[PDB]
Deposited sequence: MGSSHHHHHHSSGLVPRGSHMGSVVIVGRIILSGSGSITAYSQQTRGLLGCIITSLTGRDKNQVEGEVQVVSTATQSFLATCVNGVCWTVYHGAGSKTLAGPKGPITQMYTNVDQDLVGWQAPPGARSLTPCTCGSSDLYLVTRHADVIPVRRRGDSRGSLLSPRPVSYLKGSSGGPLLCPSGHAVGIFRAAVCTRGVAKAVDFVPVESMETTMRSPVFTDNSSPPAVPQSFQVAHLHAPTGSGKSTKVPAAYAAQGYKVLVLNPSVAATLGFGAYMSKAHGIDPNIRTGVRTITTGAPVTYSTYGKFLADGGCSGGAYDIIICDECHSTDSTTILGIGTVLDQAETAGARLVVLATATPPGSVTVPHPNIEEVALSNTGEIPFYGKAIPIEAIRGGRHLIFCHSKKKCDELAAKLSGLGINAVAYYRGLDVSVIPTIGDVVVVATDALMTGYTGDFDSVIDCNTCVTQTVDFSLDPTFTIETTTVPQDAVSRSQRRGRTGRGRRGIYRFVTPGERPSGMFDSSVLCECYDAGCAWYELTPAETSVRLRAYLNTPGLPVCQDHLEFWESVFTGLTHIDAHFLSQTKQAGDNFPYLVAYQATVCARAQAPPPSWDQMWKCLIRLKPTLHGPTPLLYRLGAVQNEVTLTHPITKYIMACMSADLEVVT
């Protein structure tokens, strides 16, 4: 779908009023066609996608809005879809060349500290400028009131544009300040070159530099380029999220490039003294990050990946590498932030219909599409994997399920098979397939700052983003012909991750890598501050405050949550620690809380709830001082997008 103009805010002192120009049906047809004949007028547009409505503001002949609303989408235009002229994911800023008829605001330069924010309800809200990109509301309002207003102008009294609104700063759901993209960032973006070529490895610089390498899988980002560097006499570390891919690089390299590299993973280490080392991000973190003078070049491969080990690994590199004597860090991915899935030569893409013997996510799979050959079917949950595999096996098709917890040996690796897998496949198994069939959805975790009493981690099923779609499809068509079948043609924008992932980073720092919350913060700050990487709201101080209060955890409970391998071993174990010590029961008797089972007869009373990691069946008390501490942590400034 395209972004589509559905109304405008007419500006006049400053006053405004709105016009709606399209209803639902109009919006939807126009999004699918990309063809908008409606005459555009004014400098502020009300825009919508399928899921969301926000604002857009024309300045210097460019219609600007936020990446978090528009992603990389085209804008429906008089002659068809308009592709973005500017995309700056770090600044949360995108722009399309303004269509004919649209007026621009003029940048504000004299620079008043009295500002006026124009919202989607056509209210004009006074704001006191506090920085380059920040202003305080004279009257604090519920954030709910500012939602849908992303992309709207902050104006000085003369009606010139200071910037566009991107986020609210909140104390317990009440917005006290606003963050905006300043016009100077728009000017810097306009002056940058549209096409910057990152497809080729950079030469080693004289002094330290961080570079980006955007190149497809099979381009030898992880083999040919490290070989070339070693041949120039450098020492090179290559980090990858997958154990299977890390181990695989070693056999390929001693064969294809005459180097027997060091290999470091949790399951297996090999030290040959060679000048190339392959390691997982997790093992790299276990080994204590950069060792002084060990490496000249560090390649962080699959740097689009937003699991917490990778982010924490990369932040460690970015924080430590210069000081450890490295001259070059290379951030490598085939799918950088803001990338979109485009046709691939090796891969025929065919929509699933309703005809076929096998139900699948509301559509169907013909038995003939998978009867012989080697096929991969991506499902969102292990439950779906188990059931679809059982169904296929019942029909005599050789089928197997793979997901977190199973050994990859369930394979086969040779011969006819249908593999039914979650995304755990990506990191567990490196092979390719004749076809990939994709449900186009993913399970994710999102934090809800629900104040009941503290926060909640919610597990939801969502539409896949463009990284997911590209990585799942990329399991077919590798140096041979392939087919990608799909349920849905969409893809969410890439390059963004939820605050829950930050929480997971602190959790893993504490649970696995012996990192203080303060140390985790230094490493994440380096990640956040480095451009060209996936982006997130800055909740570092908040999450640091939370974990900082979680002292004297019970080692035994932690070992058991770590061992059982579920998602926030430290939060889980810590809640179990305070339950045991308070001599009180867990929030429920779900599997999550099994580490308390032997104390179940001597439990009793309401649970001293710290936070919500699932359904809470038992009664709760809010009297525990850790609860009160975490409650106090909720008063921190929290960036929230509008």
Q: Just jot down which stretches of the deposited chain sequence have no CA coordinates, in the order they come.
A: 1-21, 34-36
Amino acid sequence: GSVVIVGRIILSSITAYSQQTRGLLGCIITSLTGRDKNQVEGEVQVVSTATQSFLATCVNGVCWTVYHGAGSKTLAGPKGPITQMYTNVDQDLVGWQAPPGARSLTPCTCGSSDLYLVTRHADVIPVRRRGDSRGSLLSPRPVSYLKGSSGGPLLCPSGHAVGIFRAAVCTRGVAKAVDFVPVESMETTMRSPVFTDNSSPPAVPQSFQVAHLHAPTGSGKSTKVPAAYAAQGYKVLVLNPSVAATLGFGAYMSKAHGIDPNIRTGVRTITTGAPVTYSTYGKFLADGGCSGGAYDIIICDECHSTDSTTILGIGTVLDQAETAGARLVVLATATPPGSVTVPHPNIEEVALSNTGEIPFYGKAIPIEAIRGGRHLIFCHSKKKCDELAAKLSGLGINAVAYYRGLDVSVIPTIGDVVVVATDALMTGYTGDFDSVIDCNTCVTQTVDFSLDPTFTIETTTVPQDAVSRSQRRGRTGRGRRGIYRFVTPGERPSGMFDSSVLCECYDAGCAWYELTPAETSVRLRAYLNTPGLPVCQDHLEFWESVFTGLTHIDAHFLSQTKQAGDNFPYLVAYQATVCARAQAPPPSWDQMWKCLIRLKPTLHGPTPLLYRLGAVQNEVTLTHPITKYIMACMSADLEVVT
From here on, numbers count along this sequence of modelled residues.
Q.
Mean CA temperature factor from the deposited coordinates, higher in 473-481 or in 199-207?
A. 199-207
**Q.** Between 593-601 and 570-578 (mean CA B-factor, as deposited), the higher
**A.** 593-601
Q. Out of 487, 170, 417, 332, which residue has the highest Cα temperature factor in the PDB record?
A. 170
Q. Taking the Cα B-factors listed in the entry, which of 455, 249, 96, 429 comes out highest?
A. 249
**Q.** Ranked against its chain, the third holding the CA B-factor of residue 21
**A.** highest
Q: Using the B-factors in the PDB entry, rank residue 217's C-alpha atom against the chain and give the third, lowest, middle or highest.
A: highest
(Q) Can you tell me whether residue 497 has a C-alpha B-factor in the lowest, middle or highest third compared with the other modelled residues of the same chain? (A) lowest
Q: Give the position of residue 505 by CA B-factor within its chain, expressed as the lowest, middle or highest third.
A: lowest
Q) So where's residue 640 on the chain's Cα temperature factor ranking, which third? A) middle
